[PDB]
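Report on the structure given below.
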Amino acid sequence: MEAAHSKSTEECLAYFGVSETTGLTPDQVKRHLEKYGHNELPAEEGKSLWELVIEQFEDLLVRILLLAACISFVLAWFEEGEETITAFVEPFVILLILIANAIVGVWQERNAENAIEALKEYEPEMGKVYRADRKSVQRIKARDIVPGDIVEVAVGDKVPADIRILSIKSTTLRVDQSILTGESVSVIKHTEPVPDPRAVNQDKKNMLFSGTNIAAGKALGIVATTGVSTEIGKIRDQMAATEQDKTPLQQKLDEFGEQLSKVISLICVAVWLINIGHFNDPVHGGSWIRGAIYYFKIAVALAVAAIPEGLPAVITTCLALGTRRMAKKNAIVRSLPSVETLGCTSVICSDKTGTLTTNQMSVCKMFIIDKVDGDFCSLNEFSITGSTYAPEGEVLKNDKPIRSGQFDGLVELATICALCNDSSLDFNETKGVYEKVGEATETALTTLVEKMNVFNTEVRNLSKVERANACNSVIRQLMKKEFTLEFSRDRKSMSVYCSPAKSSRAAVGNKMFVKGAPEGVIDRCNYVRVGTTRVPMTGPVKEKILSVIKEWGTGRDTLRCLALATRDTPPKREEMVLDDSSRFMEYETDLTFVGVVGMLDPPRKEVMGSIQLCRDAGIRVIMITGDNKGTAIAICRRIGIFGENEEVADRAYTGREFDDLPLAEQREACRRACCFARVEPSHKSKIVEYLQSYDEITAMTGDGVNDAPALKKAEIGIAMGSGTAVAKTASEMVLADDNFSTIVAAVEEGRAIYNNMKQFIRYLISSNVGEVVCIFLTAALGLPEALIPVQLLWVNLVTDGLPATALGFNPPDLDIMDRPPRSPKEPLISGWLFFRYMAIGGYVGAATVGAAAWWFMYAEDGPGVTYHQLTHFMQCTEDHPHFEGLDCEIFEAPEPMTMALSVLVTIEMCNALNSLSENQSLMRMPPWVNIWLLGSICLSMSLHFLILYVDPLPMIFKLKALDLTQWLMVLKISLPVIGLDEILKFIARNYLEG
Ligand SMILES: C/C=C(/C)C(=O)O[C@H]1C(C)=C2[C@H]([C@@H]1OC(=O)CCCCCCC)[C@@](C)(OC(C)=O)C[C@H](OC(=O)CCC)[C@@]1(O)[C@H]2OC(=O)[C@@]1(C)O
Ligand code: ALF
Ligand SMILES: [Mg+2]
């Protein structure tokens, strides 16, 4: 039944045609079970052993790299009897690399806790229903419950399905709806219909939602919806499909892969445009069965030269080290790519209760009557320090430490708070902190009495376990609580009947201690406490009291105010009907006013300063809470979201107010307003979505189950350490210390890491640019293979793979948190830098080829072979009278290819030094700052020498250890790339922007 809250109790029974007295018939259960299904959220584990491997090769650059491997494999059979020592190594290596990068990712992604499974923990196993089978209550499986079942719930039970309340058996039905609102405050329910068909969950006070637990009371109701048709089902549904969108950096890499395929499939064709002059002459020495292989030998040569392999290993390494670095800053990272994304955060959507606050009710203000004289009435106001449930704090009279035991009014005030209280305080020995037992608004009273200590009970020597209820127990020893007149809706108040300790039952001295809403209580007061004396409640007195409650109730404070009064002469114990709540108000009349306490969920001390740091960083903070707007706006003023006296008429909306706005004005409101209160779980994710339509990298912080849809939807989901498991499993990061200042340091790292990532991304790509040009020349000019598609691999894995990771330890800027967040669409290479790295790629491509061609023309151990005959390396064993010189097997020798490799390697060792900064010369900024970069380089060099000397290594790379004559030439070609960029750096900082 949709919108059962809008219909009456009798209208819901008619919808299913079920008797409230008997229940569903076994026939009715059969039909409903087939129609609506089982009351159960569908489990979901998308990650399987096979499907996690398939998605690894879904990358475009992987597909291109894969094909080459296939091609490499095909072109390995055909080989002579002098070079057949190695043939399958290149394809084998490509395949191995492909598997390794893919395999590592799975291990760093498969290890993920399923959020839906955690959500199903809020699904009870058993349920209590009434059916036509047996007259007694049947306890069956909760999944066997169907819409129409007459379900009974009691105190401590967990609500199985979304239920329309039929009858409340107890006086009141208190319900904890923290899974939907994020507030643990008990909600008093009723059976009256809620006319508004668009009312939110906080408004549906006649409904019982699945997953929630009964705080107190017994009730009977009818099932409205089951399974995914419930409010907790809507949470489950929003936690499916594409859980996380690609990071802005991944979008840049995906943009790179797309345009890279447009180039390789054009350059190969560009070479095809060149090879025309050879097809003219009628030659049958190289038909179509051999002349087409030349295009596949350059395709795989351009593939490994274009695709920046090794980069997935460098990024993963840098991100893994960044996690451990942030781990020491109490920041647990569950998703590595979210690190880069957090640095680009411009908007932080935050939760109020438990996140911005401590989720621990604290009484901070209280006043009693000072003196009364006619129209004059002064008060004794006090302030209480402490933001936790712990008995740590003092009472302040005009910001002075004054003992509460002196004031007789405070002695009676503490007495009421101790007795008229169904809750207690407990010290968790495992966690080492004080926790509440019962109602939060009641444990606050327990904590207050402990702080006050009106009888000066020596408690500084008691253990923390015994300290919890020390001062409260002292008061209990004075007054024996006979019984309590439980809370009523017609009263908005609660009283307890107490007799003096060690006294008869027919004795005189019993008292009733009342606690409730200020309006109703004060109106039922006819007297006023002045210390130990009593004066009549007059006009001016009542008005003065109501005035202060008005101030504490609304304003910069906005406190939950409770009035405290006692019945000096209560009815006799026998003349009080306890089975009738309608008579309780008459019992709570002729009261004597004592005092008023004010309580609130206090903000954390490190929040206001943190938000300011976010504002200084160019990041705005928005509050999205399920709490009421009144406290929401107040807390916003307390932490700096709103001004102390700023007009926020059009800067704060409720859930219902937000739903009334059209889609256009809703999207706009997310950019204007900063406070959204009394919202459903779906509202939070919708606000994030709207902000993501402005291309804003938005983050989400929370701790509750109702935050899960927003935590998942946002780019960076942040969960509190002392929060729910659902919140953690649906988040990217977890604040272990529960500090909001941790986020500031996390963003600082996120910006610092990316800047270092912004360097070796350029370093590896610029290397690949020089490799493509190198292959483009030798393929379209006539020269033999200068660099084979096997050497490049080791270059883009070990030679360049090490200095790239070494650039991840570059010293970050000092003004990194004084600059607004970078644009998500900001390109890595554009403008002058696009031309700068274009010249470098052309230099490396030229330098490399020249080196291999230097071993021919101007050589020392090579045959003088000029350019007029060097390009025709194919015509040697088939054309001798026009070409002979020396040996025929010289073009495919392991000597000139090593010369090109030695230059390429040495250049990248120099290019790594140029990649230390964007527009800062090496002369100005010392190259010896990063000791790690020198190190990567040295290791690589040795490796570059290790790959030469150790004979079983140049066997597969076709290399040769250069002598003094050949090496020295390398330094004379690679080194002037330093001065090349150096000028380019000077121009960009003297003609553009430094
Ligand atoms: C590595 C091999 C090169 C040849 C290549 O294909 O990359 C291009 C291409 C894909 C882009 C270009 C390359 O374009 C060229 O260099 C033009 C080649 C013409 C030569 C022919 C003349 C005879 C990048 C490399 O140019 C240089 C000059 O820096 C910069 C940048 O790339 C980045 O910022 C790195 C992203 C990982 C991209 O414009 C990028 O495309 C866009 O999506 C970006 C944002 O990616
Ligand atoms: F703690 Al909330 F909305 F879940 F403020
Ligand atoms: Mg919360």
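Lettering and numbering for the structure tokens are positional, with chains as A, B, ... in the shown order, residues counted from 1 in each chain, and ligands counted from 1 in the shown order.
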Got a sec to check which residues lie within 10 Å of ligand 3, using only C-alpha atoms and all ligand atoms, and send them as a PyMOL selection string?
chain A and resi 178-179+181-184+350-359+624-627+701-707+719-720+723-724+727
Quick one: write out the picked residues with C-alpha atoms as an mmCIF file, in the first residue's frame?
```cif
data_model
loop_
_atom_site.group_PDB
_atom_site.id
_atom_site.type_symbol
_atom_site.label_atom_id
_atom_site.label_comp_id
_atom_site.auth_asym_id
_atom_site.auth_seq_id
_atom_site.Cartn_x
_atom_site.Cartn_y
_atom_site.Cartn_z
ATOM 1 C CA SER A 178 18.760 6.962 13.437
ATOM 2 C CA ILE A 179 19.149 4.860 10.287
ATOM 3 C CA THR A 181 17.452 10.674 10.121
ATOM 4 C CA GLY A 182 20.800 10.173 11.839
ATOM 5 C CA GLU A 183 19.238 11.207 15.137
ATOM 6 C CA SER A 184 18.964 8.849 18.109
ATOM 7 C CA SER A 350 28.831 17.620 5.633
ATOM 8 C CA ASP A 351 26.580 15.921 8.168
ATOM 9 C CA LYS A 352 25.702 17.639 11.451
ATOM 10 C CA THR A 353 25.094 15.091 14.206
ATOM 11 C CA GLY A 354 28.075 12.860 14.958
ATOM 12 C CA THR A 355 30.216 14.562 12.323
ATOM 13 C CA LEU A 356 30.278 18.304 12.977
ATOM 14 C CA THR A 357 29.105 17.618 16.523
ATOM 15 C CA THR A 358 29.879 15.097 19.264
ATOM 16 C CA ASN A 359 26.452 13.413 19.291
ATOM 17 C CA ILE A 624 22.978 18.462 5.125
ATOM 18 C CA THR A 625 21.252 17.098 8.229
ATOM 19 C CA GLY A 626 18.134 15.128 9.124
ATOM 20 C CA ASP A 627 17.776 17.279 12.226
ATOM 21 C CA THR A 701 31.319 13.511 5.281
ATOM 22 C CA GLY A 702 29.107 11.545 7.660
ATOM 23 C CA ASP A 703 28.708 8.616 10.042
ATOM 24 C CA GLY A 704 25.116 7.422 9.715
ATOM 25 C CA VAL A 705 23.370 4.877 7.504
ATOM 26 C CA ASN A 706 21.353 7.714 5.968
ATOM 27 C CA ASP A 707 24.628 9.180 4.687
ATOM 28 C CA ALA A 719 33.273 8.413 7.130
ATOM 29 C CA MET A 720 33.870 9.009 10.839
ATOM 30 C CA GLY A 723 30.591 5.786 12.990
ATOM 31 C CA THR A 724 28.483 3.047 11.425
ATOM 32 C CA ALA A 727 29.071 4.576 6.284
#
```
Taking 5 positions as the minimum chain separation for residues in the same chain, which residues sit within 9 Å of residue 535 (chain A) when counting only C-alpha atoms? Answer as an MDAnalysis selection string.
chainID A and resid 372 526:530 592
Take the selection from the previous step and output its residues with N, CA and C atoms, as a PDB file, in the first residue's frame.
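Saved file part.pdb follows:
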```pdb
ATOM      1  N   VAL A 372      12.478  37.676  44.566  1.00  0.00           N
ATOM      2  CA  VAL A 372      11.224  38.209  44.041  1.00  0.00           C
ATOM      3  C   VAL A 372      10.718  39.356  44.911  1.00  0.00           C
ATOM      4  N   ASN A 526       1.933  27.085  40.524  1.00  0.00           N
ATOM      5  CA  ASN A 526       1.279  28.146  41.278  1.00  0.00           C
ATOM      6  C   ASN A 526       2.220  28.767  42.302  1.00  0.00           C
ATOM      7  N   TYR A 527       3.429  28.223  42.387  1.00  0.00           N
ATOM      8  CA  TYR A 527       4.422  28.714  43.334  1.00  0.00           C
ATOM      9  C   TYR A 527       5.802  28.798  42.691  1.00  0.00           C
ATOM     10  N   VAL A 528       6.764  29.320  43.445  1.00  0.00           N
ATOM     11  CA  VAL A 528       8.126  29.502  42.956  1.00  0.00           C
ATOM     12  C   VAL A 528       9.137  29.232  44.068  1.00  0.00           C
ATOM     13  N   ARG A 529      10.163  28.442  43.763  1.00  0.00           N
ATOM     14  CA  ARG A 529      11.210  28.147  44.735  1.00  0.00           C
ATOM     15  C   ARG A 529      12.255  29.252  44.820  1.00  0.00           C
ATOM     16  N   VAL A 530      12.493  29.730  46.036  1.00  0.00           N
ATOM     17  CA  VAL A 530      13.571  30.677  46.292  1.00  0.00           C
ATOM     18  C   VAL A 530      14.502  30.085  47.343  1.00  0.00           C
ATOM     19  N   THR A 592       5.419  23.629  42.026  1.00  0.00           N
ATOM     20  CA  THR A 592       6.304  24.711  42.429  1.00  0.00           C
ATOM     21  C   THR A 592       7.513  24.760  41.502  1.00  0.00           C
TER      22      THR A 592
END
```
What lies within 10 Å of residue 791 (chain A) using only C-alpha atoms, ignoring chain neighbours under 5 positions off, as a PyMOL selection string?
chain A and resi 90+304-305+796+897-898+901+954+956-959
Residue 779 (chain A) environment, 12 Å, only C-alpha atoms, sequence neighbours closer than 3 positions dropped, as a PyMOL selection string:
chain A and resi 267-275+294-302+772-776+782-788+849+871
So which bits of region 669-830 of chain A end up alpha helix (DSSP H) when you DSSP the backbone, as a PyMOL selection string?
chain A and resi 669-672+681-692+708-713+725-729+741-781+791-794+801-806
